[PDB]
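Let's start with one chain on its own, the form solved without 5-chloro-1H-indole-2,3-dione, as structure tokens.
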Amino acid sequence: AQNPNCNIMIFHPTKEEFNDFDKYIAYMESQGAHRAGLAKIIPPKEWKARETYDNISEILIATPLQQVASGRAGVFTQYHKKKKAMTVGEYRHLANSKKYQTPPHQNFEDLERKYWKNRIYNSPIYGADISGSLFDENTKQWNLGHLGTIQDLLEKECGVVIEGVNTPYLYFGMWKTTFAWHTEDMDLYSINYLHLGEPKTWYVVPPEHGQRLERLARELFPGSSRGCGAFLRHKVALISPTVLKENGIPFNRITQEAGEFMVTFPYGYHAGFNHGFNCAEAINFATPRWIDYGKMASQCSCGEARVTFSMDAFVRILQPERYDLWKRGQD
């Protein structure tokens, strides 16, 4: 069995290997990359996502989210308070202000220490989940706006034609902005490209050990667990590496820098934080190996998780027994 310790793997495809996206994902899995839940892909030196980032300041962040924490430093939840719209230029200036800017630090490890020590005492503002793309239309390789759609994959594998679309999302981050512990909708893959700015640190649990994380989360968040049998779908809970280690939960960590891709694999729980002003683009995707994970994915039916139009068909076709209850949650 390849990669039996479930380490995060890093890949350096050549320009020729960068042509066929599906084939390269399958290659990475042949080497055991999925066992980690997360992989890094460094694009060939010949590749670029677009020519420059000099003209992005007029993008609108219609609903910036202030991430307010409650709990203790290593075990907390966050809720998202909606703020007034602002442009990317206005948000960059805010991120760089004395109130929000990254503190002086020695290296990524020192910054990680400061994040876990101090995150709860601040409420950074995240421009998340903005439909759109920063890939140039002429970029033909690993262009996250030109991937094969999940609806087309389900159709190719299973023969059923379904409604729905699949488009990318932009994330504008600042110091301390945080992504809570989650897997993707319907335990899909994700791919995330860091277009510009400061790094993003990731934590991940191997898919084969995801239920260990879930059992810890039920212990640590006991009211939330009683409210919903899949409350990590709410995407609000944080657990630090120190707490994970104290409870024996297998995980790994890695820092993504500008110009690098990350792939999350089906049922790979992940969480993380931004180091400073940055912009990422991400989208979900599927492969033939996903289908069995989609059929077994948990679902939130309490009403909190509320998701896209396109998840309807996935539930309806892959999980017909759950469909009625899940849809009641959506309405």
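Shifts are known only where both forms have a C-alpha. Note that the rigid core is defined as the largest set of C-alphas that superpose within 1.5 Å between two forms. Just count from 1 along the sequence shown to find any residue number.
Unshown form deposited with 5-chloro-1H-indole-2,3-dione bound; subsequent notes refer to it.
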{"property": "Binding-site state, shown form vs 5-chloro-1H-indole-2,3-dione in the entry with it bound, superposed, 3 or more atoms under 2.4 Å of backbone or C-beta", "result": "blocked"}
{"property": "is_contact(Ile41, 5-chloro-1H-indole-2,3-dione) in the entry with it bound, heavy atom dist at most 4.5 Å", "result": "no"}
{"property": "Partner contacts for 308-327, taking 5-chloro-1H-indole-2,3-dione in the entry with it bound and a 4.5 Å heavy atom cut-off", "result": "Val315, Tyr323, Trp326"}
{"property": "Core-superposed comparison between this form and the one not shown, runs of at least 3 residues with CA shifts of 2 Å or more", "result": "324-328"}
